[PDB]
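What follows is a single structure, written as structure tokens, with notes after it.
Reckoned from all heavy atoms, side chains included, excluding hydrogens, waters and symmetry mates. Start at 1 and go down the list; that is how both ligands and their atoms are numbered. Here is the naming used below: chain letters follow the sequence lines, and residue numbers restart at 1 for every chain.
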Amino acid sequence: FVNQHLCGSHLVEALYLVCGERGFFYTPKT
Amino acid sequence: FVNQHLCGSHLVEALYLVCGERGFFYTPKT
Amino acid sequence: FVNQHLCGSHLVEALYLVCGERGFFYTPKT
Amino acid sequence: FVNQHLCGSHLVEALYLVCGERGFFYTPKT
Amino acid sequence: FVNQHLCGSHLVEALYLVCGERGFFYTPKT
Amino acid sequence: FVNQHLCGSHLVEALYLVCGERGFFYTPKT
Amino acid sequence: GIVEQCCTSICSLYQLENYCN
Amino acid sequence: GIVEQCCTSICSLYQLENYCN
Amino acid sequence: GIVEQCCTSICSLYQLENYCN
Amino acid sequence: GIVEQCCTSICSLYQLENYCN
Amino acid sequence: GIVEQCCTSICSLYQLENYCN
Amino acid sequence: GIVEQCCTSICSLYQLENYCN
Ligand SMILES: [Cl-]
Ligand SMILES: [Cl-]
Ligand SMILES: [Zn+2]
Ligand SMILES: [Zn+2]
């Protein structure tokens with residue numbers, strides 16, 4: 001795998017693909 | 001607004017949309 | 001709901017989620 | 001180019017792609 | 001068709017829509 | 001990580017994710 | 001869960017907010 | 001409409017342009 | 001307009017709703 | 001191919017890397 | 001190349017078509 | 001945090017994996 005530059009909803013997509021059935025939590029600052 | 005099927009990455013994109021800075025959890029196992 | 005920062009196709013996604021069966025119109029300047 | 005099924009958000013993303021600055025309407029009720 | 005400004009995964013989406021069953025190759029610099 | 005169904009544009013978005021700068025081919029005919 | 005509420009069934013944007021932190 | 005043309009059936013990018021303003 | 005506003009500043013879902021048919 | 005491996009069937013992110021250049 | 005061109009300037013669908021298999 | 005790091009610098013899938021449930 002390569003390093004990622006992911007902003008906005010692209011990060012959530014990436015989390016989705018990485019975590020699958022486990023799901024994930026999305027926790028921005030502030 | 002509307003009610004629709006939101007599945008998979010679209011579901012988590014909608015969560016991103018709705019929650020944004022609040023952040024969110026996506027927990028398909030429930 | 002939280003405020004949105006939506007560019008390009010992300011705005012069209014947002015319109016899609018907001019409008020559902022009603023659909024929507026996408027009208028950029030120029 | 002090609003003919004494919006374009007549904008839901010993918011349909012409106014394709015409209016965005018094709019139309020761009022012209023803008024477009026997405027009117028599923030027709 | 002209109003000209004495109006496509007970065008990151010948006011370009012891959014565009015390639016996907018343009019190429020359909022033919023598929024495509026995605027070849028960034030470096 | 002996980003195993004899931006990745007289809008269509010989601011498949012090529014995942015390829016983008018995984019491959020990035022390496023680039024990739026998407027060749028559905030095989 | 002969310003998948004049952006929003007994918008299997010249909011949900012509103014307000015129901016989606018149920019899953020915000 | 002577009003959904004019938006492009007989702008239910010298949011459409012080209014040129015048919016999609018039918019829906020541009 | 002809304003396309004520019006959402007991108008160069010911010011916009012609300014409620015503002016977006018105005019563009020539904 | 002990839003569609004059979006990852007769409008029809010399921011694949012891992014590591015199998016996806018099979019399709020990197 | 002095309003990846004950079006589309007992102008740092010603009011590109012056409014027709015230019016993109018050149019990258020289909 | 002990860003949301004900012006991925007966007008203002010880079011992040012790995014492995015770092016992302018830490019945020020799965
Ligand atoms: Cl972006
Ligand atoms: Cl889908
Ligand atoms: Zn999809
Ligand atoms: Zn984007």
Side-chain angles (χ1 to χ4, degrees), chain A residues 4-17 20 26 28, chain B residues 4-17 20 26 28, chain C residues 4-17 20 26 28, chain D residues 4-17 20 26 28, chain E residues 4-17 20 26 28, chain F residues 4-17 20 26 28, chain G residues 2-3 6-8 10-11, chain H residues 2-3 6-8 10, chain I residues 3-4 6-8 10-11, chain J residues 3 6-8 10, chain K residues 3-4 6-8 10-11, chain L residues 3 6-8 10-11:
Chain A
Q4 307 287 316
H5 185 19
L6 302 163
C7 293
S9 64
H10 297 292
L11 176 56
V12 166
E13 288 280 351
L15 283 162
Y16 178 76
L17 294 161
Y26 173 75
Chain B
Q4 71 216 274
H5 303 274
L6 290 166
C7 297
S9 64
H10 303 289
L11 183 41
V12 299
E13 287 247 13
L15 277 179
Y16 172 81
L17 194 60
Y26 174 58
Chain C
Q4 307 287 316
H5 185 19
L6 302 163
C7 293
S9 64
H10 297 292
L11 176 56
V12 166
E13 288 280 351
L15 283 162
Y16 178 76
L17 294 161
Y26 173 75
Chain D
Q4 71 216 274
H5 303 274
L6 290 166
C7 297
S9 64
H10 303 289
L11 183 41
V12 299
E13 287 247 13
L15 277 179
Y16 172 81
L17 194 60
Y26 174 58
Chain E
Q4 307 287 316
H5 185 19
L6 302 163
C7 293
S9 64
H10 297 292
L11 176 56
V12 166
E13 288 280 351
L15 283 162
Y16 178 76
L17 294 161
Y26 173 75
Chain F
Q4 71 216 274
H5 303 274
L6 290 166
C7 297
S9 64
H10 303 289
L11 183 41
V12 299
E13 287 247 13
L15 277 179
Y16 172 81
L17 194 60
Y26 174 58
Chain G
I2 193 175
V3 173
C6 294
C7 175
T8 300
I10 63 178
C11 68
Chain H
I2 193 175
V3 173
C6 294
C7 175
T8 300
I10 63 178
Chain I
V3 177
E4 302 67 41
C6 295
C7 181
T8 59
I10 60 183
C11 61
Chain J
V3 173
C6 294
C7 175
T8 300
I10 63 178
Chain K
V3 177
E4 302 67 41
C6 295
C7 181
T8 59
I10 60 183
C11 61
Chain L
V3 177
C6 295
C7 181
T8 59
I10 60 183
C11 61

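- Protein N/O/S atoms nearer than 2.8 Å to the Zn ion (ligand 3) total 3.
- Taking the side chain as every heavy atom from C-beta outward, D/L6 and H/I2 never approach each other to under 4.5 Å.
- Remark: SG of G/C11 is found under 2.5 Å from SG of G/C6.
- Side-chain rings of B/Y16 and A/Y26 approach one another, their centers coming within less than 6.0 Å.
- Counting heavy atoms from C-beta outward, E/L11 and K/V3 have side chains that approach closer than 4.5 Å.
- The shortest side-chain heavy-atom distance between J/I10 and F/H5 falls under the 4.5 Å cut-off.
- A heavy-atom distance below 4.5 Å is found between the side chains of E/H10 and C/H10.
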